[PDB]
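Here's the structure we're looking at; comments come further down.
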Amino acid sequence: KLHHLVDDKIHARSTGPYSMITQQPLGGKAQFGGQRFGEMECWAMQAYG
Amino acid sequence: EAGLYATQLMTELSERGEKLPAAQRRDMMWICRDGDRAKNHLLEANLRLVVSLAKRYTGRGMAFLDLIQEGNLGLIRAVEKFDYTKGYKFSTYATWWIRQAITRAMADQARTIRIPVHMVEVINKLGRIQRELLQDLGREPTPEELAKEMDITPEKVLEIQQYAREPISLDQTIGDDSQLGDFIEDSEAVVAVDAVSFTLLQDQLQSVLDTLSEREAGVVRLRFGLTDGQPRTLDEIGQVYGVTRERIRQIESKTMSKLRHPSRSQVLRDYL
Amino acid sequence: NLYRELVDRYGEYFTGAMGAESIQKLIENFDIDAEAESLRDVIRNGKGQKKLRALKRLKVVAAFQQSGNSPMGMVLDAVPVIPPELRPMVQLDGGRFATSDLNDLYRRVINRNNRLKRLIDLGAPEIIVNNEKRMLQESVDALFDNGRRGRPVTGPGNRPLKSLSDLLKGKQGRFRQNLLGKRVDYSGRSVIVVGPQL
Amino acid sequence: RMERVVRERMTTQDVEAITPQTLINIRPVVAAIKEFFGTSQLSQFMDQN
Amino acid sequence: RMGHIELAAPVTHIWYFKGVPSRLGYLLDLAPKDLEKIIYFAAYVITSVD
Amino acid sequence: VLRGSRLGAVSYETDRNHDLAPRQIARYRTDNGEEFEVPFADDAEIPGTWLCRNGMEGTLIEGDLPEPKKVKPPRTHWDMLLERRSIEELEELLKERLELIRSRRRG
Amino acid sequence: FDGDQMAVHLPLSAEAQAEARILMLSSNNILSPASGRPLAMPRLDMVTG
Amino acid sequence: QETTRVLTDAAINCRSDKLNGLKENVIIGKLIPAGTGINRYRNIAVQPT
Amino acid sequence: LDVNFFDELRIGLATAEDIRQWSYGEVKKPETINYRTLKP
DNA sequence: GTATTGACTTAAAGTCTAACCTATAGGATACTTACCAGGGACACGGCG
RNA sequence: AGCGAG
DNA sequence: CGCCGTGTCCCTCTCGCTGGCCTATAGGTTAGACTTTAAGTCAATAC
Ligand SMILES: [Mg+2]
């Protein structure tokens, strides 16, 4: 039984802490972190129109 | 000294003075310029002394060139306050001035949060004393030892070491990809839930206030400054309505008693 | 030594300077129109490597002509200071304050500028004041770009100080880590497991 | 580092007034050891799964 | 809101000096070594001649 | 989270643009002929000198002009010399220097 | 499915919901935009079956 | 790429960005001029028949 | 203000006059906050 | 319940005095120069 | 720094 | 005026997790209590 249990992997967020110099909330399950929406994902969205 | 005296004397005679003869005036200006020339020559000569002295303050606090320039300022001050009639070598006197200038600059322009000098000296003292008691006791001296060796209350040792906590950098890669900056939560941002909570609180408070009689609403409003953010006492509301202070006080008491009734409390609890 | 001998002897007939202010004077005494016209004539009539260097120079000498931009913006007399909350000083848990790594470069610039002011006010030999001016130039350079010239200005731990240009360049810069890609609310993550009944 | 501080102070040491205990400063050595065993990359957090 | 430091002496923007090609050098036709010498107080330069 | 703060705080208070305290724009003039408006509140004396955006202090542009005084130049090398030497020896040294230069020129 | 985590984003506005429902719906994207060959066709276990 | 060179040259040239591509619109956080963001689909007028 | 009144974005050299026109003051002292009261 | 007066006590200033920080100066044996990548593109100095 | 998916 | 060699600059994937010295002077600041004043409070009363 490997130590990659889903209980430590699940995470969700609707609102929480926001970074200091910029907004775009803190990342990480340790904080209440939002999931990074990078440039590749944004290109995929642009391709979808 | 001769150049300085010539400059001062001509400054004196620049106002209600005498038209000095061309030859004498020309010679005297040569003397003043020679005085400044001698000052520059001396400073250029002892720049090496300044560098050699500042060598021993390197590696801690600030950069090396800043130390050299502060030492140069100190040496200029020493040359300003140097006496030869006392018959002593220039280096002996200028060393103390350069040391003082460098140490003062270290005290001032070395820490992002400036601790004034006297505090700086007492903390540097604390550090040295704990270093020596570390040399002797071996284990880091506990606050008691420092307080004893420093003739201040131990709580003062605490605060002297609290003021001297150097900041850190929020641009440190915490790994050894992530800077410490983007791990720190802005604790003064609109949390977006208390904001809507406050909006609905104001809405429901306004409604429940509209329930009670109009005069009652007015008195409580202008008592806590809800209408425009300015709270006032009984006297002001009495003045504006042209009634003695006591009536406003009485109606306020009645208003509080009414609003405290369980009827108009379950519509306002869960907001406190 | 040669310069000083010249100045004391044929001091008039020529003005010489040293440092950024000298470049300031050069740009001041520089008519862009005549230089551009001469360069255009040289590129049109001449040929070879001389024409190549002439042509590259006309990609910067034309830019300051086509637009009504002065070539003076290169030389600074005032350095803008970024708003404080873009370089925050935060009381982290435990009281330990956290600087922004830009207050250090700004502090260095201001220290050296004030020291230059005091050195000029007192009256100092040209050696010390010129050294101070060179240090001020280096401080502004380090503020705008660390490590571009000489060893980078290092902070505690023997690491370079994050300058004012490092915020913009790279995969971890501002243009690419905080503008085209952002962290978003209303998002989650989890391990996926096949569902064939869906 | 301790050697360098010893040499530097030796010039300002009054002859016959000095003993190795008052001539040796151990702080650089302990500081180096402590900064190695913590924050050195080859001194890794023990992996006990 | 921004501030500004009033430099006691002028300085040159590094982006227009060190960034190859040296735009200051191309504008003034000064070799990059010469520009670096002048700007960092390593060699004098003549700005006017009657 | 490390949970830092910028010190200061927030204050949600419904922004009002309607009932606002009365203001009296006061003009100041720096040394380099640069005017600068400053919206001071009426219920306070308008100061006679303001550190304007220019970075240098400017006096009020109306009348008044109190024109105070301050300490003369913090110190000076001549003043420091006079705290360790007197006039007679300085004059004697000046005479020695003058005679030396005169001998240099004409002997 | 050997630990392949994935992220879930929630469209909020009417336009976002409409785009997610119409443009990006998984049952609307069968053919690969590259070559047009189907990408949702059965594979592995289903092909064997 | 090459942010410093690009900005140096753009500053020297007084280049004005018309904000017409997809990356610029994404950067400034306004609708990209593609797909549903173009001027013919965005301002569709909708009303009951 | 609004992303509709964002037609262009010009970049150019900022002369010293522009730099001191942006500024609301001049940082003259190399200080950040008080050591004890922790205030600007 | 809603119109008042006459005491009766109370916190908030408003101010004077005292100590504890703060900006600053000074210190006279003599000491005088610190310290492991590649891969591509472009530009500068030598040589023919 | 170790570590996971591709 | 070409060809060559050397120096310098920019680039090198996405997402995610865990945790590691001393002295002397002068001047400004605050804290602490005293005195005053606007402020909150109670008791009896008349309509
Ligand atoms: Mg996998």
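Protein chains in written order, with the authors' numbering: chain A, 1032 to 1080; chain B, 254 to 429, 432 to 527; chain C, 239 to 436; chain D, 395 to 443; chain E, 91 to 140; chain F, 5 to 111; chain G, 536 to 584; chain H, 1227 to 1275; chain I, 2 to 41. We put the beta carbon where it would ideally sit given N, CA and C, even for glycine.
At the 9 Å Cβ level, is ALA316 of chain C part of the contact set with chain E, yes or no? yes
Residues of the segment 1229–1240 of chain H whose Cβ lies closer than 9 Å to any Cβ of chain E, in chain order: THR1230, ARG1231, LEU1233, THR1234, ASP1235, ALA1237, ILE1238
Classify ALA1237 of chain H as buried or exposed, calling it buried when 16 or more other Cβ atoms lie within 10 Å of its own Cβ. buried
When you check each C-beta in the segment 1039–1058 of chain A against every C-beta of chain C, which residues fall closer than 9 Å? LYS1040, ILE1041, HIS1042, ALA1043, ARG1044, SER1045, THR1046, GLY1047, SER1050, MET1051, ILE1052, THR1053, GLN1054, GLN1055, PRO1056, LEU1057, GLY1058
DSSP state of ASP315 of chain C mapped onto helix, strand, coil: strand
What do you reckon, are the CB atoms on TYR258 of chain B and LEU97 of chain F nearer than 9 Å? yes
Closer than 9 Å at the beta carbon, the chain I residues around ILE1254 of chain H: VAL4, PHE7, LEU10
For a test of the three-state rule: what should DSSP assign to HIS294 of chain B, helix, strand or coil? helix
Identify the continuous alpha helix (DSSP H) that holds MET396 of chain D and give its terminal residues. 396–405
Taking all protein chains shown into account, do 16 or more other C-beta atoms lie within 10 angstroms of the C-beta of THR466 of chain B, making it buried, or fewer, making it exposed? exposed
Is there a Cβ from chain G that is less than 9 Å from the Cβ of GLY419 of chain C? no
So, under 8 Å CB-CB, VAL319 of chain C and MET92 of chain E are touching, yes? Tell me the CB distance rounded to an integer number of Å. 6 Å
Out of E:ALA133, E:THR137, E:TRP105, which has the shortest C-alpha to C-alpha gap to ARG1231 of chain H? E:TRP105
Grab me the residues of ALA292 of chain C's own chain with a C-beta within less than 8 Å of its C-beta, minus the 5 sequence neighbours each way, in chain order. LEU277, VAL280, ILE281, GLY284
If we ignore side chains and look at the alpha-carbon of each, how far apart do residue 431 of chain B and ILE95 of chain E end up? No atoms of residue 431 of chain B appear, because in chain B residue 429 is followed directly by 432.
DSSP state of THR413 of chain D, grouped into three classes? coil
Closer than 9 Å to chain B by CB, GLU27 of chain I: no
If you measure from the beta carbon of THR392 of chain C to each beta carbon in chain E, is any gap under 9 Å? no
When DSSP labels each residue in this structure, what does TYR310 of chain B get in the three-state scheme? helix
Is the distance from the Cβ of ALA98 of chain E to the Cβ of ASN351 of chain C below 9 Å? yes
Nearest-angstrom Cα distance between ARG57 of chain F and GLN28 of chain F? 18 Å
For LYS1244 of chain H, decide whether its Cβ has a neighbour in chain C, counting only Cβ atoms nearer than 9 Å. no
Which partner residues of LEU566 of chain G appear in the DSSP bridge assignment? G:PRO573
Can you say whether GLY332 of chain C is buried or exposed, counting buried as having 16 or more other CB atoms within 10 angstroms of its CB? exposed
Do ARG414 of chain C and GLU1070 of chain A have their C-beta atoms closer together than 9 Å? yes
What is the DSSP secondary structure of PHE1063 of chain A, reduced to helix, strand or coil? coil
Can you check which of these residues, B:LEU456, B:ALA363, B:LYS378, B:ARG392, is closest to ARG524 of chain B by C-alpha distance? B:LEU456
Candidates F:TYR16, F:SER9, F:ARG10: closest to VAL451 of chain B by CA position: F:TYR16
Pick from C:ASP271, C:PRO434, C:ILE430, C:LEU436 that is closest to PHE536 of chain G, judged by C-alpha positions: C:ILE430
Give the list of continuous beta strand (DSSP E) stretches no shorter than 3 residues that lie fully inside the segment 259–340 of chain C. 313–319, 335–337
Measuring CB atoms only, is the segment 385–400 of chain C touching the segment 76–89 of chain F, in the sense that at least three cross pairs come out at less than 8 Å? no
Which residues does DSSP pair with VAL429 of chain C in a beta bridge? G:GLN540
Can a CB atom of chain E be found closer than 9 Å to the CB of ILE20 of chain I? yes
Buried or exposed, going by whether 16 or more other CB atoms sit within 10 Å of the CB of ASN239 of chain C? exposed
Please list the terminal residues of the continuous alpha helix (DSSP H) segment that includes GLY473 of chain B. 469–479
By the 10 Å Cβ neighbour count, where 16 or more other Cβ atoms means buried, how is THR53 of chain F classified, buried or exposed? exposed
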